[PDB]
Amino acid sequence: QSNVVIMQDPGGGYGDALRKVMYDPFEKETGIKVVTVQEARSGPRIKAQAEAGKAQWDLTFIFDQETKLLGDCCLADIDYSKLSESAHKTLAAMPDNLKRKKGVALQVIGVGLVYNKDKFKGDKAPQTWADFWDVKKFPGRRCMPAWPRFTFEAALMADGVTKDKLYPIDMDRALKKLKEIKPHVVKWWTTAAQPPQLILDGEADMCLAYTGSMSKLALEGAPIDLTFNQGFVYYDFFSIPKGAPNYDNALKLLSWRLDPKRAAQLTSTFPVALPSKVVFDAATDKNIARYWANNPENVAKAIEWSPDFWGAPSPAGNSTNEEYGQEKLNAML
C-alpha cells in the first residue's frame, strides 16, 4: 500500500487478538497499514539483514540479551520524545530496566508445564519437570520447544537440580536427560500456534508451552490446566532495526501499543500482560490479572530465568551460550 509499517507477529490466537484490538484500529485511525510478518525468532534475522545492507522490518520483539547483543550493530535508538502523552503515562509506571535506548518491554511471557486435565485429574496431575520426565507415573505424549532455552533448564530440574542452581547450564547433563525423554516427544515445537493445537487435538498430553494461550483455553473450558511451578517468565523487548524502512510509522505503532486503555483491552482479550501498572489499573475486570505472567503469585512459583546466561559468550568463545546450545540440540533432533 501507500503507507505501511512492517510488524513482527507471533501468529496464533495472540496474533488474532493483536490484529483485532491493535492493528486494524491503528490503520483506521492513522492510514498506516500494519503488514504483519510471522516470525518466532527475529534476532538472528535482524542481524543477517543488517549485514546484507537493508533492514526489512520496522518493529520487532526480541529478548533482553538481544537488545544488548544487537544494539550497536543493528538496532535504532527509540525516540521516546515522539511517543504520545498516553504512552508516557504507561512508561512512567514501568520499571527502569524495561525501558532502554534500544528497546521497550511490551509483553511479559510465561512458559510452563501444561497438561490435559481430563487425563490427569486431581493429584495424578504433574507438578514438576521430574513428573514431566516420569512416563511411568504420568503416561502420555510430551511436547517441548526445539530450543535450548527452557528445555535445558527443565531437563536439569527433572534430573534433580534445584531452581536456584541452574546457571551456568550444564549442557552435557541436560542433553543426556533430553535424550531420555526424546522417544516420548511427539513434536519439538517452534511457533506459538503449535502447542495449543497439539494439546487440543490430543496429539500431546502435556507440554512445556506458553501459558497465555493455555490460560485462555482453560477459561474457555478446554480440558487444560497448567502451573507456573518451575516455570519461566521473560520480557519481549520491542525494538526498531537500524535502517528500518518506516521508522516514523514504527514509533507511531509503538505509541499505539503503549496506550493504557488499548493495552488493557488487548491484555483482557488475550492474557499476555504489558508490564506497566497503569495497564492493570485500566483493566475493567482485574481478576484476569491472575493469568498474567507478572502476577506475583505466578512469578513466585517460576524460576528466575537468565537471559544474561543465554546471551553470554559460550565456552566455544565465538558463539553465545544459546547458539552453542542450539548447535548441540540441532544434532539431537
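Numbering starts at 1 and follows the sequence shown.
- Stretches 85 to 93 and 114 to 122 differ in mean CA B factor, with 114 to 122 having the higher one.
- Once the C-alpha B-factors are averaged per stretch, 48 to 56 and 63 to 71 rank with 48 to 56 first.
- The top Cα temperature factor in the record, among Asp159, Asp79, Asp248, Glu153, falls on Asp159.
- Residue set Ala218, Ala204, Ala263, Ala192: peak C-alpha B-factor at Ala204 (per PDB entry).
- Looking at the C-alpha B-factors along this chain, the one for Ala312 belongs to the middle third.
- Per the deposited record, the Cα B-factor of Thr284 falls in the highest third when ranked against the other modelled residues of its chain.
- The entry lists a Cα temperature factor for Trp256 that places it in the lowest third of the chain's modelled residues.
- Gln230 sits in the highest third of its chain by CA B factor, as recorded in the PDB entry.
- In the deposited entry, the Cα temperature factor of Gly31 places it in the middle third of its chain's modelled residues.
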